[PDB]
Amino acid sequence: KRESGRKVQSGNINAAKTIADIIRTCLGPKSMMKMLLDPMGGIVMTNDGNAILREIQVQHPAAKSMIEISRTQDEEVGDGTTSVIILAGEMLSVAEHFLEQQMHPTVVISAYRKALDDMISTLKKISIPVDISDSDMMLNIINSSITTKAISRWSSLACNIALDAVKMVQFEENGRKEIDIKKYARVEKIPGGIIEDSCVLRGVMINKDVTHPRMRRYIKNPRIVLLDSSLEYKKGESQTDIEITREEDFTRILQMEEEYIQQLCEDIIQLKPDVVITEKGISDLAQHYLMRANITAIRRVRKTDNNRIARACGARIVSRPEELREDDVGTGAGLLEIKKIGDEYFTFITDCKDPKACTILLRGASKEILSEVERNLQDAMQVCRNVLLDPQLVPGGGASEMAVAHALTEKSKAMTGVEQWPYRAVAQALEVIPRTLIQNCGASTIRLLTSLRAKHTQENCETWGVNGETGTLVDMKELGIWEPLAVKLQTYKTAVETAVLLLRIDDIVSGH
Amino acid sequence: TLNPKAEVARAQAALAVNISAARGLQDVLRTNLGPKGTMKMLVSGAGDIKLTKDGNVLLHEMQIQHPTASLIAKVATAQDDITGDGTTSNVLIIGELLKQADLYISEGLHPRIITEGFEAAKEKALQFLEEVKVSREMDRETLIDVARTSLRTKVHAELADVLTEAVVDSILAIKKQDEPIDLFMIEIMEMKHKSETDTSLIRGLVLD
Amino acid sequence: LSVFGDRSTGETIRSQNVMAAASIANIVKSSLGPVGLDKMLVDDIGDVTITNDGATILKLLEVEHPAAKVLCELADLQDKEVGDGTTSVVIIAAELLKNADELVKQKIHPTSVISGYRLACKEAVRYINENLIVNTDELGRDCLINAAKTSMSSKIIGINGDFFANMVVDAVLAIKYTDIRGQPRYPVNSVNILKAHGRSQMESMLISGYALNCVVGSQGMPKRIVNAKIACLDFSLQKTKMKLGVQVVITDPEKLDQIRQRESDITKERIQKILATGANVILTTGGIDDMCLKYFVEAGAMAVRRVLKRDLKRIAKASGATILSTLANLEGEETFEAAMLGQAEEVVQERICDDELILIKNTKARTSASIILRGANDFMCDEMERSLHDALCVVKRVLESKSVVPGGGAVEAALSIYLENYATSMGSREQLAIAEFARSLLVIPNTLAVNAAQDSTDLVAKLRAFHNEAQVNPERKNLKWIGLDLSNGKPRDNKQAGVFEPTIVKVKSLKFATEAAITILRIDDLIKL
Amino acid sequence: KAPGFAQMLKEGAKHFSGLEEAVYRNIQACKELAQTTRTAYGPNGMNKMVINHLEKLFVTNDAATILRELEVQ
Amino acid sequence: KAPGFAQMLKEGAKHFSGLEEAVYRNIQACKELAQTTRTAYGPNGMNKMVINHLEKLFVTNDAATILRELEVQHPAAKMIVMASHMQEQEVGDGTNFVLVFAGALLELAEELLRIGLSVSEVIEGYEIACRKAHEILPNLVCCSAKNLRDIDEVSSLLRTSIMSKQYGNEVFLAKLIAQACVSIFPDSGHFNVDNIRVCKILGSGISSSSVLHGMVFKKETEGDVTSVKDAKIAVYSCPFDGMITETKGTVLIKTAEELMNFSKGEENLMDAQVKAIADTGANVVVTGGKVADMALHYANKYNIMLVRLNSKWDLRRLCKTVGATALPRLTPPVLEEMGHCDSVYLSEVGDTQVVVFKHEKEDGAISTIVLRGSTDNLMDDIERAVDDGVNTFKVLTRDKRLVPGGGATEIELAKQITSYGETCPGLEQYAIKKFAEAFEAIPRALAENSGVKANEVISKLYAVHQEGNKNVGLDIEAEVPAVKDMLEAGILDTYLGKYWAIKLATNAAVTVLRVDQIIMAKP
Ligand SMILES: Nc1ncnc2c1ncn2[C@@H]1O[C@H](COP(=O)(O)OP(=O)(O)O)[C@@H](O)[C@H]1O
Ligand SMILES: Nc1ncnc2c1ncn2[C@@H]1O[C@H](COP(=O)(O)OP(=O)(O)O)[C@@H](O)[C@H]1O
Ligand SMILES: Nc1ncnc2c1ncn2[C@@H]1O[C@H](COP(=O)(O)OP(=O)(O)O)[C@@H](O)[C@H]1O
Ligand SMILES: Nc1ncnc2c1ncn2[C@@H]1O[C@H](COP(=O)(O)OP(=O)(O)O)[C@@H](O)[C@H]1O
């Protein structure tokens, strides 16, 4: 029914801790697999933290919050999501100070929020900039995802695709340097070819099919037209259908259907275009004028998809076709091609311009290999987004965790009060990240984690992390495990903000 | 540590569940390895009986009760699609690999350490296979030894000479001048009213 | 007896309604005060609305019990009447029932308890009214700066609260207007808070007028206007159309030529009619034609295009301009002379980082101003806008109300001593009820102390000691009107700290909570059908 | 729940273990089939009181007729 | 049905499996032993309603009495109890230090074993920290006894030991025990608690007590003699009653005159028996049981001082001081086994006459504290304070070194040991740091028993020590959770009390950690 008292906070901890214990071993390159018993007796042997929790049923609402916060991470950053839940579960797993010591959550939350400002400052100290102009460094950075994948045979290809693609979308002139991979980097697959044939189209590719053969097959100077209205007979304000029974009234309603569709098409062809792109559908009578005009018929193109076209070829959006002025012409466009590349038509309006958007062409030998190349390239685009938004990397392999933990432990010495105890407990929670990397490799956890903390005390904290493959210690200057800063800061805030959230819950109430 | 209407195996006993399934599937298929091996029956329930030693048929067509063992059955399907042979020996090696690993895992050894040894043993074992292979020319005397070695594992040592000469000649008719080969060129017909040893070739084609 | 339902009587029915109301209080007890803890709300579908506001919880709280529904109906009475204090009502009413239920076990009839609680509420309202402070200390004194300072200290703005607090108090008094028989209230629509990258937070300036985030465009126009006439036209001077959902069907090519030439021509009368009115500080919502902008250069008018609707809505209320949606008066065309013209003194476009913000000065009657949060980055400017917006309403609620009272358990602590002494004067089976009414009020400072992570037994005792010493003698050595500070975990004088609340809240919350406990105490039976 | 069933992994089919001698069970079924027809051998064969699928009573000593009515499973 | 119990092959004893953490279970038996005495620690210690084996009710807070009455059957707890018994040797205080500190070492060891640290590495850290603590403890010595034999000095330092056994009355007891202890310290190199005896008498209250020299006995002199300086003291265990002959001695009486004749013959014999006492040069006689009416007058006839000692421990107390041993016969004139004393007289103190054995001729190194109280249970609890109080100064006859109390040393010694573990690389730092946190359990005990948030006491005690304000302990007060200086208040502990307590507590904890399985046996 409901929960109240200390049972709530201790219950939310066991729920969040239980969800993290599932994916404790799903961290690093030597991640362990998980067996998911389907209801029909089947098994899925995935090792992805997002896919595991997505398929698991959870009864506690605290678990739904942990999972729903992880999904929000995937939309922004396709990496480090597993670290959020583990840290959020370890930060909450310290229930000694929470209940056994009878401290109020406001005392704990004030310490967790104080450490978060210190964890953020320490990560910027151990950071390091990157020369984004040199693509060789970004290759080593993007290899964190290409490693242990089938696309390693064309690893450099994936970097040049993702690197150059995000640079086109990056509109730095607006100050904030916003990037939109979902809209301005729309990806579409093309059957045929191989992995090497994968490239980036410098334009906008529409997957519209060819309905008739009377369409422009190859053009050197396209002329694209844009409009939102539909090419059909003007209906009434309501959706009332036209019901007719008298034959004499048919020719009247038919003539009204033909003339208005006729006059609207006559104005579209006055500019001598090569393709009519409309947002809404195009009826059969309207297509009879497009095939007669020897121009391509295109429809069902969204607003943002049309906005990129006007920036590419120089077209102009109009409400209706009747108001089409001479400005709506795609002069300077590269070419218009509706070739059937791999048993599927593809509209290419590429040009020699970068209209703050592009389209990625995924060539491949089969749908299985195409999907493998697809999901592997999206993460590379996001790593390029995170580095280009904030070109600062921090040492990975558990080094940034141990480096930050030493700063809090040394800073807690001057922390007079009861908040020093949970403030230090957050530092010991960061050690769980190398604790799992060492557990997966099989090396002794206590022996290496003890020596690992000693290296950060004496030697510089910017290096001396952990090697997940070998298990021994290694400097991140010698091993390119450097991860972005924006991923770690958002990973650290989301873990503390999530733990602060569940700690603020004291009564699970039902009602609507 | 679990939600209602569900279950979770936290400790290492979850690994023992998978080792026990492979050990059981090993003991099932080991009796049908080679020519002298026994046969297994496939009762469809409707009333159709079927005897065969092909491990791909004893895993693909036979539904397996244990959830973990059904995964290995899907691999035997994949194994049969590439080479068409070795599905039975694949399961026996998997059963013994996991068996030997449990001896060391019980002593406190992590699984990830053992798997790294398999990757090293594979490369050494893969390099040694290059030295043992015989790259001689394929003649009718050699393919008969291959066909006999492959057919004796599926028949009663009576249809050996019957199907051997037919299986070999069917291939030689569809390859010359180093041309790529395709088994779809050979049609497989079935007819009743004759003994099992009445198998023979048809240079042309049969129509219904 | 045989019936088509069920019945249940006795003292246990009072206890069942007592434990029910006590349960509803515990759902909103820990979430009391500004440091209240959040709480989940699992709906029937599965959504989870997380919040700490007690009013938002009770609106969504669904407990199928009659006694609980009485407190839910009670919440609507307090929200509509005042709009605050609903959480303290349900908590006060729950303790009065838990204490009254104990008296009923001591053979005290509920009618004697109902009579005691009614007299206690009457005397409590008397002691409250005798110990108020009228709305004053605006200029020349401070029970204000300390009010806004303590409210904004939670955010990063608390580095220098005195600098930002002065900008709130000076502007909160600047927006004053009687407007009804000496009412003066203050508007919910308050001083516009813009921002800029002024290299530091200390550079934020307080402006005595509205600030707009637009520019005149062409540099030929002036940036220093003194004309009082302010135009406000919502009809766009650009190419007008029938409707977005109505395309003018045109067939002949020649008809399309004169439509272009006439539309370019008709604006020459619209621009001459607008310029003839003499309005220099012109504002346009739906954009302005390029050629029309050139006409303001030669005329020297300070025209601005693409002005926001809501920002322009406050300018019409400032200068008093009649917002016109169309020039045509159903047969012709006119600018409605002396209708859309406002009244001002000066308008100058000052130089601000990355956006030249226009400043309007000394309108007809605006009661508004503007503040430009000059800071380092957007994270600080976005946070200070929230802190000032919260602290703005903190001082607004005090100066709007005619009388206030020290909050933080000061009223509940003072009444704990007075009503306990008043109980010894009456007697007649009401001494215990008025005494339990006195003890029940201490739950508010006892609950606020638990939520503040402090020992409630000590702080509640410290409040009653400073308040009891005020009753023993009026000597100044005895502290008076001492409240409860949640952060430092120590009592503090709310008159200096600026922790004030309206008088109607503490008065209505004690009245409504008393009427609720009376409504439940009279229930001695239940009949189900 | 451990301990599991010996060799029972395929659609719950009873896989008699090595101690159970799975080959012996098939021999017993074929052994029982002979005992029904062993007595119908020769001129002194014992007739069978067969009940047809249509609840018809037929008395015979033919072996093929027995197996037709005796639904061997 | 298999699978049955794992690792169970020795008499079916409860052998905890690898998942059940057999080591974790022996620790839980020791933690429960601490909770039974964690609350009795300090001046605000909570009393225990102990029920004796004789179904007797006693309310006390002494640790030695709690464990002596609590039948501790778990062997893992017996080791810590044996350390408490070893704590009583070489010092008469710090018993709960062994229980509270060792319980924290084992309780904190579970946090290490749960991580995966080996039990053999945990032991090496505690042994290293114990050796390090013994090096830091001399540096914490604030003051030292002047050894002036001043009651103002002895009573001042003795207040700390008297408190936590009988709180509130620490002024009277400190002065009395000081008067008793100062009178023997001139006997250099021979001080012992056996000399300072205790004699409880039912009276008004504790304020009516005083100190008197010699072996005092509450039972007044039964005889009519006021004083006698005779050395020969004849002690007899058999009471003065109707004689019985060890041989046959058959006594037949028929008539009433014969009853009177035999009755007269017994009185004439008893007159000869008491005559034999004076014939052996002994004008003093002791009796265990009843004393006859005619024999009482015979004691006054020859002026023989009659003495009555009903308690057995009172009789044995004299047997080892004067030498007079108890014989089984009733008045055997055995002059060889009699005692020797310089003076024996009666004295009235607090409106009660008490027998005294004073040493006037001899130098005298024996004393007795005559306690007064309206309840036997109260005087017994006050007697336990005398032992823990007198034994505190038996230790000061050794090296005189005092350290601050009130949890002051426990934070500084923890602060100094924590720094040693932070700079010491390796795995031993984990157990060394937890050895410092074990010391924090003692201030946490004082704070919890005083009604104060313990975490606030540790936070303040570490801040003042961070600024170098040593000798700062917990201010015992209900409404003031702050701290104060233990030197200015006069609260001081003994050096050897902390030295032997930290040593024996670590050995008891290490001895329990070294054990991993309890196994039964049979001879
Ligand atoms: N080659 C490597 N060597 C050492 N550590 C690595 C290596 N690759 C990844 N890691 C570590 O593993 C952690 C998880 O990486 P990743 O799998 O990319 O994110 P997630 O586990 O959230 O999916 C990172 O914090 C990183 O420090
Ligand atoms: N004369 C023959 N002698 C010895 N071993 C044989 C002979 N013929 C086949 N085998 C063995 O039988 C095994 C199984 O053969 P086959 O049935 O073709 O594969 P699978 O059993 O995996 O389907 C092979 O590993 C092979 O070594
Ligand atoms: N700045 C403050 N300092 C101390 N106490 C406060 C402060 N603001 C509000 N409170 C306390 O919080 C309680 C609840 O306030 P509010 O949320 O406005 O009403 P409700 O909780 O009924 O909705 C009040 O009784 C008041 O005493
Ligand atoms: N007035 C006081 N203030 C603070 N601490 C005190 C006070 N009196 C005694 N103590 C503490 O009580 C503790 C226990 O004393 P005691 O009972 O003699 O030993 P134990 O508890 O081992 O039997 C000592 O460590 C001492 O510091």
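Note that the numbers count up from 1, one per residue, in the order the chain is shown.
How was it done? The header gives electron microscopy, 3.3 Å.
Here the Cβ of each residue, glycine as well, is placed from N, Cα and C on the backbone.
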Swiss-Prot annotation, SUMO2 cross-link - which of E:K248, E:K361, E:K400: E:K248
Binding-site annotation, Swiss-Prot, ADP: partner of E:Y41, E:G42, E:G94, E:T95, E:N96, E:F97, E:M163, E:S164, E:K165, E:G406 in E:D241, E:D271, E:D314, E:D493: E:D493
Candidate set E:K14, E:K219, E:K453, residue annotated SUMO1 cross-link in Swiss-Prot: E:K453
Site from E:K218, E:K358 that Swiss-Prot describes as SUMO2 cross-link, others unannotated there: E:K218
In Swiss-Prot, the member of E:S188, E:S207, E:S347 to which phosphoserine is assigned: E:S207
Residue from E:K394, E:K470 to which Swiss-Prot assigns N6-acetyllysine: E:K394
Around the Cβ of E:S164 (ATP binding site), the count of other Cβ atoms that are within 10 Å: 23
Where E:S207 (phosphoserine) falls in three-state DSSP terms: helix
C-alpha spacing of E:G406 (ATP binding site) relative to E:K453 (SUMO1 cross-link), in angstrom: 16
Recorded positions near E:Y41 (ADP binding site), in sequence order, restricted to E:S207, E:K248, E:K460, E:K498 and a 10 Å Cα cut-off: none
Packing count at E:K248 (SUMO2 cross-link) (other Cβ atoms within 10 Å of its Cβ): 6
Under 8 Å by Cβ from E:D493 (ADP binding site), counting only residues of that chain that are 6 or more apart: E:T160, E:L402, E:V403, E:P404, E:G405, E:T409
Recorded positions listed as E:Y24, E:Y41, E:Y499, least Cβ neighbours within 10 Å: E:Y24
Among E:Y24, E:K312, E:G406, which are recorded as recorded positions, the nearest neighbour of E:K460 (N6-acetyllysine) by Cα: E:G406
Fewest other C-beta atoms within 10 angstroms, as judged across E:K165, E:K218, E:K254, E:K312, E:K394, which are the recorded positions: E:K254
Listed recorded positions adjacent to ligand 4, that is, members of E:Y41, E:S207, E:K218, E:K460, E:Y499 whose C-beta is under 6 A away: E:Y41
Assigned element (helix, strand, coil) containing E:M163 (ADP binding site), judged by DSSP: coil
Recorded positions near E:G94 (ADP binding site) (Cα-Cα within 10 Å), from E:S156, E:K312, E:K498: E:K498
From recorded positions E:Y24, E:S156, E:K248, E:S311, the one whose Cα lies nearest E:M163 (ADP binding site): E:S156
Most crowded position, judged by CB atoms within 10 A, among E:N96, E:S156, E:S207, E:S263, E:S311 as recorded positions: E:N96
Entry from the binding-site residues list E:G94, E:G406 having the most other CB atoms no farther than 10 A: E:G406
Candidates E:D93, E:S311, E:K312 (recorded positions) - the one closest to E:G406 (ATP binding site) by CA: E:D93
Among E:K460, E:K498, the most crowded of the recorded positions [Cβ within 10 Å]: E:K498
